[PDB]
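Below is one structure, written out as structure tokens; comments come after it.
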């Protein structure tokens, strides 16, 4: 006969009601090459004075007034 078989009750308390399957949102991008001060710099691949560039001004940078996305 015996008692107090272990104690390991400080490592957390699980996460119930936080798992229900239906989990698949893969993504794909150019990561692991980006700067930390990049503001439109290297990103003007079109000539001056053509319609391709007027669309480019729409996106502008990594961030613009375009609605929330993620």
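Residue numbers (UniProt numbering): 175 to 244.
Even for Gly, the Cβ is constructed at its ideal location relative to N, Cα and C.
If the five residues before and after residue 214 are omitted, its C-beta is found closer than 7 Å to the C-beta atoms of 234, 235, all from its own chain and listed in chain order. Closest option to residue 211, judged by alpha-carbon separation, among 242, 200, 228, 237: 237.
Following the DSSP letters along the chain, one finds residue 225 inside the alpha helix (DSSP H) bounded by residues 225-233.
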